[PDB]
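# Chains, contacts and geometry: an overview
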Amino acid sequence: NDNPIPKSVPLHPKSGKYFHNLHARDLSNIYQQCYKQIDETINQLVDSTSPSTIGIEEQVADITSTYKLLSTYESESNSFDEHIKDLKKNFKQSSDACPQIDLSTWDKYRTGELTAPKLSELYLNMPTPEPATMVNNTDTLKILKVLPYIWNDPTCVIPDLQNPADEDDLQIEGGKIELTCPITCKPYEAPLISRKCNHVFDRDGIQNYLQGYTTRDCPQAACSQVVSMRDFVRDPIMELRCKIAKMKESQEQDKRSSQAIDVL
Amino acid sequence: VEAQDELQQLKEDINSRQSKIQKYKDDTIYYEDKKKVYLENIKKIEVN
Amino acid sequence: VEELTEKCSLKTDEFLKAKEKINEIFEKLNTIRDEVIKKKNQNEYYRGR
Amino acid sequence: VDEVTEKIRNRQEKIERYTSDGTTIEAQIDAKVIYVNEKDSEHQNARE
Amino acid sequence: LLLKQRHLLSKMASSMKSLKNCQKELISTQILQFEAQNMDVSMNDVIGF
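Residues numbered from 1 in each chain as written, not as in the entry; some residues may be left out. Chains lettered and ligands numbered in written order. Part of a larger assembly, values for the part shown. Heavy atoms only, no water.

- Per the deposited record, determination of this structure is attributed to cryo-EM, with the resolution reported as 8.5 Å.

### Quick look at the packing of aromatic side chains
- Counted by the stated rule, this structure contains five aromatic pairs over all chains.
- Ring centres of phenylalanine 19 of chain A and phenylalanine 34 of chain E lie 5.7 Å apart, and the angle between their planes is 40 degrees; this geometry places the pair in the tilted category. Of this pair, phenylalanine 19 of chain A sits in helix α1 (residues 13-21) while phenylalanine 34 of chain E sits in helix α3 (residues 30-48), placing the two residues on different chains. For the residue pair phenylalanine 19 of chain A and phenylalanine 34 of chain E, the accessibility class agrees, reading buried in each case.
- When the centroid spacing of 5.2 Å and the interplanar angle of 85 degrees are considered together, the rings of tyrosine 35 of chain A and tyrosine 67 of chain A count as edge-to-face. (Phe/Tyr/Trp six-rings, centres within 6.5 Å; stacked < 30°, edge-to-face > 60°. Helix = DSSP H or I, 4+ residues; strand = E, 2+ residues; numbered from the N terminus. Buried < 20%, exposed > 50% of the residue type's maximum accessible area, 1.4 Å probe, protein only.)

### Observations concerning the state of the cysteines
- Here the structure, examined in full by the defined rule, presents zero disulfides over all chains.
- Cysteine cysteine 34 of chain A remains unbridged, with the sulfur of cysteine 22 of chain E as its closest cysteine sulfur at 15 Å. (Disulfide = S-S within 2.5 Å.)

### Here we look at the sheet that holds strand β1 (residues 192-194) of chain A
All names here are of chain A.
- Spatial strand order, β2-β1-β5: three strands in an open sheet with antiparallel pairing. In this open sheet, the two strands that pair with only one neighbour each are β2 (200-201) and β5 (232-234).
- Pairing of β1 with β2, which is carried by two bridges, proceeds in the antiparallel orientation. By the bridge assignment for β2, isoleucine 193 is matched with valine 200. (Pairing = 2+ DSSP bridges.)

### Points about the arrangement of the chains
- Of all six pairs of chains in contact, the one with the most contacts involves chains A and E.
- The closest approach of any C-alpha atom in chain B to one in chain E is 15 Å; the two make no contact.
- Without any contact between them, chain D and chain E keep their closest C-alpha atoms 20 Å apart. (Contact = heavy atoms within 4.5 Å.)

Structure (structure tokens):
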């Protein structure tokens, strides 16, 4: 109608080259770098604060909020890329379905009696991204949430999966977790935990126990299962607890010695 | 950084090349359809 | 097409600016981490003293 | 029709050559991803 | 330094989604220019025909 500018035209091979060239900017590397940076910043913050200094809860909450926002942004970026791929697939299928203009089909498209798919309209009509089927739960988030309790005291029972209020009703009855293993009287240099056992082991004597037996029962109580060497994975919580315990004992010894000398 | 830049440009180029392969396959399918139409015309000419 | 060339140029400029800014922010975070590690080395040396 | 057939023949030969190059390039790009990852690890070691 | 690093984490979180807005604005208005390029590609062929 009027100026011969059709709303849309069927895709051409020359246009197909540009369609193939077009892609969403990839932020997976940027997201991985940002995640690594925030994780290392949390690890640095764990031992950065002076053991005497207390009041890190606000910093932990701020970093937790930042991590949750980053996770939401990553989920939205995943939704964006998948939506872009689906839109491109739909557009290419629609363009293939539509006929090609040769002599008068272009005039029919210009008059508006014939319609062809347009990427701009499809993108505008594309549903808004939804943060659905995404759980913002990571090992780094868990350690960040539990580090204030570890700072307050080495032994704590934060998980409430069994009961929301506590481990059992109102009384934890969990005792204490000792850095020094009864089997091996040394700090856990290699803290490894099984996904099924959910218990941290030094692995110095665990490897010897597992040697010669394909599967061995977990030495610790409250569980009955057999696991192999490959099931164990690194547990940062145990090493963080050991490091904070060492820092607190060193600082208290230094302070008591300094105070005693100052008294004299 | 040079290796990362070369890898990124190569990855983009090969993705574009794979998309070029798929569009070339679509173009060959269209050419085969045109050839089938031409063969149908040839068969009609042969029967005539 | 000249508008597309300007749009592609401005999009590339924005992508370069965003990537440069995020890389500079990451480098500033790395420099801050290095400064904090240097201060921790100074703190541990002060604790040793 | 013979001109269309030879055009399809060269196009499919180019498609096959491009597919073989794409398979080799995918293997080489996986090798380059390992190469850049090890170079990044060496860069982290050098920087530390 | 911890306040500075938390401020930098807030700034990088603000740059996050700003990079997504830059990506969305890069992909958007580029599909329209790609459509204009397709319109030109169809136009040269149809004008030649």
